[PDB]
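# Residue-level structure breakdown
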Amino acid sequence: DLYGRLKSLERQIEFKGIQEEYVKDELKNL
Amino acid sequence: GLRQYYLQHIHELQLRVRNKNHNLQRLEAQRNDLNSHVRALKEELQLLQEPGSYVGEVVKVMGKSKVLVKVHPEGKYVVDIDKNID
Amino acid sequence: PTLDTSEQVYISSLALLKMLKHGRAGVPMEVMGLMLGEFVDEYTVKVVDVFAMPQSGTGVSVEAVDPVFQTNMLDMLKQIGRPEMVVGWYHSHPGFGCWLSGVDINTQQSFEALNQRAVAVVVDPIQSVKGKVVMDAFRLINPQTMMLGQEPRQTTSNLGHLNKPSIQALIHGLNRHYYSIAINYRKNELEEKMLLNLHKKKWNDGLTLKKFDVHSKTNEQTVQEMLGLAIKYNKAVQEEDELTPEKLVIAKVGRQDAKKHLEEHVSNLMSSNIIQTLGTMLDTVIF
Amino acid sequence: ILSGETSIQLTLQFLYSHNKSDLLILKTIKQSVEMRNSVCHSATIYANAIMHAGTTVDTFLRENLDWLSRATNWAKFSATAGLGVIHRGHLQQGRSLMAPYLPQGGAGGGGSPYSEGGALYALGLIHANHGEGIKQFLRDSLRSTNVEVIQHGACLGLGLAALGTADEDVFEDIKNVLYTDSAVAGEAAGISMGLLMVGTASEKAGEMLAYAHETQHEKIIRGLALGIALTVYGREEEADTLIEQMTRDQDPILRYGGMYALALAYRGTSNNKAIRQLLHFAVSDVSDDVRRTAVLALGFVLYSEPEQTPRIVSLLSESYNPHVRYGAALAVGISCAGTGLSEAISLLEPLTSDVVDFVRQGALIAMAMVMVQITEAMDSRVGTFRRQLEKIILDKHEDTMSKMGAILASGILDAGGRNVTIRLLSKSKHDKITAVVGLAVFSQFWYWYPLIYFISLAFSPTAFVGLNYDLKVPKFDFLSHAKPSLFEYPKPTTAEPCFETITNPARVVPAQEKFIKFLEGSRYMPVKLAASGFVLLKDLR
């Protein structure tokens, strides 16, 4: 498979993107 | 045209992923130092709850961790030693 | 029906403030009263309001539960439209923590006779400090169950174990004669809006500008203080040797701590100057 | 086959024939548990029921009747309900085995109402998803009885027997019980309406929400809040309106249900919108129950990608709030169930030594869910964890909640005679509705202990069962290209050959599936190359 490397890379990047709001929430709750 | 159209996004996504990872890690460490400080501070709440520690001055030591030191107003007594003291 | 740990007691914010104020009033001794409400269900007890007790001249006894008083107060509260039935009683242990004495224990059975679901509350006005309220609720464990060796209650929920009990209470008979009751707070949204309104400063207070002469003199003095802290700190940075003892520095530093005072003073100076800035000129625009 | 009766019978035969449950572990736990502690006594009954799930071996209960007879109230309800997990899938004798504990319709049956209610719940656990013969009997039992404890067992039993059937007539019967406003029967009715209507997105979820505002009983509100979350299973964007209503509510118990509704709507999707909302509520809400649940809910959103869960939850595990740390432990336990991820184990290890007793309880259960079916030869940490569980169970000075966690963890590690694993995803990557729902009801064991038996629904047998044209199991041999010591059973109380030739009908762990090869020239050839489950064999001779 060749297109899988891009689709999986996009999935992980999108998942890490929400980490911004995740951290921002604790940065205020903390 | 597949080489110049589809695979091109792999070389693009990783560049932003690498900087997002570092920024998220820096923010997470900044928040974690504070969270650890707060957890400690709440730990000192119970730290000051436990009874204090008396002062001692061993007049004579005994083998196999035996201690007879000068209590401030009381005197001496036979006791043992701790776990990490030479 | 077995009493269960999932039982939860709700005490009104008004009830809390009433117990706290009434306890502070009689902090030297112990003040007692009653909570007014109903039994929500076999597990849920809600409390709305309390009224204080005029206490007999005995500071170590709660033996003066006057019943004409309760009957009169209940009747007039009914005329208010508040026919709520007494849910429990509270008394204060200033600095003595939350626990039940022999006298409190005796009163507790005396009321349990009337209603098996009575709730006894202990409020510490002293340790109840800004941000943390020291209060607890207790009910007695039937001695027959204790003599049988049986667990006094059935626990389908772990809520009862969330709060670690006081070692004093463990000395004062906790879980042998009685048990604690987990406490939460029912809060109405309107109560929260009004509560937030309380700390809202007057919107004009930002308009009250400081007199220019006095403000300038504070600036002058703080600047000279920065000079003194600066010279002290220069000595501190210079005198610091390769083997600088952090423990000794914490115990004794230059001018307490030249760096910390420098930082606090620059912060306060900036704040004062720049708030004066905002004030003068937003007045300039709008006046 | 489509009715599931044949697959259940073959599974029950496999679990009975391969039962390697260690009765000495249960005897040791029974001896260490103080006879006055009702929680630890109930924990040992739950552990026994989990260890013998679907094996039909009740020898421990028969040997220890004098110990079981000391169970009072809900412990007696749980004792009877635990037989339903042991006899799970026994469709033909399920009624005859329970007949001594069922309500006999004469004024002379000396049963306790807890045993009768627990027998109706046991019948629903035996006939989970397969209710056609028992639905009518449970409906007649529900209509005939006004006792709250019997109605509670009848509701849960009917909800399990009618799971995902969307039967309107069963819904109206359970709704009539909800309108009696009984605090214990109404919690079961709330959950059972949700179990019946799983993933239908019916307008009936609005009727349940309306009634949750009318009732004053927190138990009914909690049962309805979970019931509503179950109706929304599967629905993604269709659910967002109801989730926004429940999450903006003034009642913390409805907001708690709103977190489960978001979790079950976005199950296995890894959606960034749902993750951001859950993380927001984990920090912004004032209620510790909502915070715990918002973190636990991440485990249901992320189980499709179990590698991401430890990374997101690591920051929450260090939080000062014990309820968030508990939610973090269970989120990793649910997402990483049966995977054996090393990162998940390293994150849970510190939480097993937490200062807070319930955080330790969650960490021990989560560690047992991650380590299910793993041998000491694959990971040496399983051997240290089993010794840690034994130490906590034998210690008198340990907290009751930590002991309960250690007893349940020991039960989960030895579940189904060591022949079951917790599996949220099918081999086809379909979501197992029963496993997701079973784990979502199981996570509520803090409020109601009899919900612990819903973990049985999450147990998937790890069997290879080859079948002929007549649906019988032929004896034939197949090869595993792995060291036997990797896929062995732990030893009882007291390079290498890689061609372990075990019978094709035998325990096959998901990690072992890659190493299985059929012998070229065997009498039986599979119609499809499948390494595990029910495989039809072509007979060549």
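In this report, the structure presented in the accompanying data block is examined. (Residues numbered from 1 in each chain as written, not as in the entry; some residues may be left out. Chains lettered and ligands numbered in written order. Part of a larger assembly, values for the part shown. Heavy atoms only, no water. Residues with missing side-chain atoms left out of burial classes, pairs and counts.)

Counting its secondary structure elements, chain D contains 25 helices and 8 strands. Its C-alpha atoms give chain D a radius of gyration of 23 Å, within 12% of the compact-globule value 24 Å for 541 residues. C-alpha atoms of chain D, sized along the principal axes, occupy 70 × 60 × 50 Å. (Helix = DSSP H or I, 4+ residues; strand = E, 2+ residues; numbered from the N terminus. Rg over C-alpha atoms; globule rule 2.2 N^0.38 Å.)

Scanning chain C from terminus to terminus reveals 9 helices and 8 strands. Oriented by its inertia axes, the alpha-carbon framework of chain C measures out at about 75 × 60 × 45 Å. Contacts in chain C between residues at least 24 apart in sequence constitute 74% of all its contacts with a sequence separation of at least 6. (Contact = heavy atoms within 4.5 Å.)

A few words on the pairing of strand β1 (residues 8-11) of chain C. Residues and elements named next belong to chain C. The sheet contact formed by β1 and strand β3 (residues 44-52) spans 4 bridges and is parallel. Of the residues in β3, the one forming a bridge with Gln8 is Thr44. Bridging between β1 and strand β8 (residues 183-184) involves 2 bridges; their strand directions are parallel. Within β8, the position partnered with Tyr10 by the bridge is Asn184. (Pairing = 2+ DSSP bridges.)

Before going further, it helps to spend a moment on the interface of chain C and chain D. Each partner contributes residues to the interface: chain C has 5 residues there, and chain D has 6 residues. The residue makeup of the side of chain C that touches chain D, split by class, is no nonpolar, 4 polar and 1 charged. (Nonpolar A, V, L, I, M, F, W, Y, C, P; charged D, E, K, R; others polar.)

This part takes up the sheet that holds strand β8 (residues 533-539) of chain D. Residues and elements named next belong to chain D. One open sheet holds the 4 strands; their spatial order is β5-β3-β8-β7, and the pairing between them is mixed. With partners counted over all chains shown, the strands left at the sheet margins are β5 (506-507) and β7 (524-526), one partner each. The pairing of strand β3 (residues 463-467) with β8 spans 4 bridges and is classified as parallel. By the bridge assignment, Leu467 is partnered in β8 with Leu536.

A few words now on the sheet that holds strand β5 (residues 119-123) of chain C. Taking strand neighbours across the sheet as the criterion, the 8 strands line up as β7-β6-β5-β4-β2-β3-β1-β8 (chain C) in an open arrangement whose pairing is mixed. The open sheet has two edge strands, β7 (178-181) and β8 of chain C, and neither has a second partner.

Moving on, we get to the packing of helix α18 (residues 288-302) of chain D against helix α20 (residues 322-335) of chain D. All names here are of chain D. It is at 7 Å that the axes of α18 and α20 come closest, and there the two elements cross at 20 degrees. Considering their axes alone, α18 and α20 lie roughly parallel with respect to each other. With respect to the hand of their crossing, α18 and α20 are arranged in right-handed fashion. Facing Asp288, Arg292, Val295, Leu296 and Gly299 of α18, the residues of α20 in contact are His323, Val324, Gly327, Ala328, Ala331 and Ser335. When grouped by side-chain class, the residues that make up the contact of α18 with α20 number 5 nonpolar, 4 polar and 2 charged. (Axes fitted to C-alpha atoms, helices over the stretch in contact; angles between N-to-C directions. Parallel < 35°, antiparallel > 145°, perpendicular 65-115°, else oblique. Left-handed = near helix turned anticlockwise from the far one by under 90°.)

Despite not being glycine, C:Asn175 shows a phi value in the positive range, around 70 degrees. Along the chain, C:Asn175 falls in the loop between α5 (167-171) and β7. Phi angles above zero are rare outside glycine, and D:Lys429 is one such case at about 60 degrees.

Attention now moves to the arrangement of the chains. Looking at the 2 pairs of chains with contacts, the pair that accumulates the most is chains C and D. Here chain A and chain B are not in contact; the least distance found between their C-alpha atoms is 5 Å. Considering only C-alpha positions, the minimal separation of the non-contacting chain B and chain C is 11 Å.

The next subject is the pairing of strand β2 (residues 32-39) of chain C. Residue and element names in this part refer to chain C. For β2 and strand β4 (residues 85-92), the ladder comprises 6 bridges, and the chain directions are antiparallel. Bridge pairing in β4 links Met32 to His91. Where β2 meets β3, 7 bridges bridge the pair, whose relative direction is antiparallel. Within the sheet, the bridge partner assigned to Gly37 lies in β3 and is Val47. Connecting β2 to the next strand, β3, in antiparallel fashion are 4 residues.

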